[PDB]
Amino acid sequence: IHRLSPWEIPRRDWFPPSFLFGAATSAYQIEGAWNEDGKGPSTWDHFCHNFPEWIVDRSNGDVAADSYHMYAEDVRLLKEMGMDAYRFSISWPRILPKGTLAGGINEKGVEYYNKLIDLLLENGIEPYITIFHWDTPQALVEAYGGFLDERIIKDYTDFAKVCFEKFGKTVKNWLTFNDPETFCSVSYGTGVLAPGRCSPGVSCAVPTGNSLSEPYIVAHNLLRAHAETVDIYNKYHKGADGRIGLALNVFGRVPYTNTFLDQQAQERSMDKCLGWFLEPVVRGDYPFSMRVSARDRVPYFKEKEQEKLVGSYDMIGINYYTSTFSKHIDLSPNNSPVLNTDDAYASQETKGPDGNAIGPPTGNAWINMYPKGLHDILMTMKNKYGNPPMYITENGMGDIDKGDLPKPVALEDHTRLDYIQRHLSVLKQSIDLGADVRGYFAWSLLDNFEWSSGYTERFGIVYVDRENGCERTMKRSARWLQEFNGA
């Protein structure tokens, strides 16, 4: 693998003194303790326990990184690395086992996050809390289909309210949703992720949904929940320095050729990924291209919530992993959309017209290394969407572990270190070109449960040893980050 020359390797003062460096996790992927201390089941419990064959290694998050119990080790590692901040998520059904206020607040759940938050702040690490990361209380699915019904909105905002009340005095940085596009397209469109729904004829666990309509329904409910939650926060919790936003996953998209049809395809593709959630919070409606394509499958916001939607963010999280080429597909009698993503009339190609991959594989099936893509997205944010305050809230890659990765080999994560150095170098170029980015969070602090891939992909800068009690060991990437942070 070809590394950056020594003088091209980023140094901490490439970035402003106030810039944040951190790492990120999510509740289901690290916590474990899935049935402990009163916690209710989430969709991810239900999915792993009923459809184990839909996880590639038949694994689950019953234990994960055992962070419910081992959270003090999590904080120790962040401190030793010199991190300024930490993104973690709250487990909805750990706080409200039945999903609702009326089912009761689980105080053991609450105390857990309270201890975590206290420990981080005692060590000078600023918490950035994500309220929801795909782990809907299964009881809400039992009651009404969860995000498939507008009833979700009140339960979500009740949940957010509990979070703001219990933690808001100490936590000033909030994100309502994380990767809403992945959540909608992949949990309800291709059905890869819990609850695993898709159209008849699509291969997924529960092929009785509708890959053309459900992703939009769920997206719409989540956006209404977001607008309302931001309104609650602004009215009752923001005060002098509180901030709330959301974190979007954005694939970079490069026109397959520099020809108008493929440029137009790239634009529809960006609209269908970034614009789907960003344009609603920025201007109060979905991108024109999405409506004109999918028509009555895209719902309309009501007047009052629409006013709440517009500008409903203090900052936007960008989670960036990779890019593809976007190639035009003609509208013809021969093309009939199957998945919501087909509404973009574009194919996403990993190989360009000269036969070359966009960039090299980093290990897993989809993350190709293309740091220039981040620059393209940030210039779009800066020039098209008003340059809001941004955080790279996730950036990382997975090492494959199919049972023959010796720990010593796992610790020498040179590919990951190169990946991180190169994205930081591009990020420096973006900030110098005026993009308002204020921090960077590696995905992930810990090797963890990588959804349908189970434990076969390790994304951590810290190794979690499943054969040794989930003991943590800094990888070389974490050691580099420690030197970089001057710690």
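Each residue number is its position in the shown sequence, starting from 1.
**Q** So, looking at the entry's B-factor column for Cα atoms, which has the higher mean, 152-160 or 350-358?
**A** On average, C-alpha B-factors are higher across 152-160.
**Q** Can you tell me which stretch has the higher mean Cα B-factor, 452-460 or 62-70?
**A** Higher of the two, by average CA B-factor, is 62-70.
**Q** For the CA B factor values reported in this entry, which option in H220, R197, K302, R283 has the top one?
**A** Among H220, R197, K302, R283, the PDB entry lists the largest C-alpha B-factor for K302.
**Q** So among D296, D271, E394, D404, who wins on Cα B-factor in the entry?
**A** Highest CA B-factor of the listed options: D404.
**Q** Which third, lowest, middle or highest, does the C-alpha temperature factor of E279 belong to within its own chain?
**A** Lowest third, going by the recorded CA B-factors of the chain.
**Q** Just say lowest, middle or highest third for the CA B-factor of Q421 relative to the other modelled residues in its chain.
**A** Answer is lowest: the recorded C-alpha B-factor places it there.
**Q** Pull the Cα B-factor of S444 out of the PDB entry and bin it into the chain's lowest, middle or highest third.
**A** For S444, whose C-alpha B-factor we compare with every modelled residue in the chain, the answer is the lowest third.
**Q** Going by what the PDB entry lists, where does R472 fall on CA B-factor within its chain: lowest, middle or highest third?
**A** Tercile = middle for this residue's CA B-factor.
**Q** Sorting the chain's modelled residues by C-alpha B-factor, tell me whether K384 ends up in the lowest, middle or highest third.
**A** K384: CA B-factor falls in the lowest third of its chain.
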